[PDB]
């Protein structure tokens, strides 16, 4: 696979295909192929927010009173989410460079900016509610927790395979990895912060995560639609065995997130337990797979186990 030119004077007008298309790379929003890119552009700019405009005065008073189990989950989760948002910052540009639909490149560039904002919001949280030494030991949790380090190497390793060897399948699994990250790893993290805010603790950082959650919904639909155009335009490489690979990347990611959520809560967070964490992640994976036309892994789990989250998460 080779990367685009900066400007291709031999390109044709408009957008021809998602990948491998003969494009100029010019931004011409009234000459686009995918209808849907126009309404995502609009929705994404209207969702703009600045983390520092959200006051944390009451969370400053509550942070010293979290139990040691609640602090244990907070530190390891917020450090992991900061890792996710930073590898997205670095890899999204990587993916956009082979995408030949300028209107899609534009949306990934908006997405990249939004990730930077997310990562910054964690710096704002940690620097405001605690002192510098505690802030730095939360940032460095991966240096002292063997389990967290190996999640980082695993997730970064999929993206890194395409960074060093740009082949179609590698690109293709890289796209799926993004999707899994967006729709599974982050939604687990959100439910922790909503469950503490539901009990009255750290209310304001939970507000910040509802803004992050709102952006994440657009990131999910962006990749959902990216996968389906790619299948529509390359149906010979979307074989029965390639689609099974995606299902299995997803199973493997489910398992990791479940094992991870149980490890940092350690039956010391009131309102979550190991069984509820298991059925929530599996249920979410059923929704994510059908949205891209794949059969669910857990056909027996059809009811939402934590229905209160969807009303709570909205602004």
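Positions refer to the first chain, counted from 1.
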Next item on the list: Look over 198-206 and 117-125 in the entry and identify the one with the greater average Cα temperature factor.
Entry: 198-206
Next item on the list: Decide which of the stretches 166-174 and 184-192 has the higher mean C-alpha B-factor, going by the entry.
Entry: 166-174
Notebook entry, point to check: Among 140, 216, 85, 240, which residue carries the highest C-alpha B-factor recorded in the PDB entry?
Noted result: 240
Notebook entry, point to check: Taking the Cα B-factors listed in the entry, which of 272, 44, 26, 32 comes out highest?
Noted result: 272
Check: In terms of the CA temperature factor given in the entry, to which third of its chain does residue 36 belong: lowest, middle or highest?
Finding: lowest
Margin query: Where does the C-alpha B-factor of residue 255 rank in its chain, lowest, middle or highest third?
Written below: middle
Check: Is the Cα B-factor recorded for residue 235 in the lowest, middle or highest third of its chain?
Finding: highest
Next item on the list: Rank-wise, by C-alpha B-factor, drop residue 51 into the lowest, middle or highest third of its chain.
Entry: lowest
Notebook entry, point to check: Against its chain's modelled residues, does residue 80's Cα B factor rank lowest, middle or highest third?
Noted result: lowest
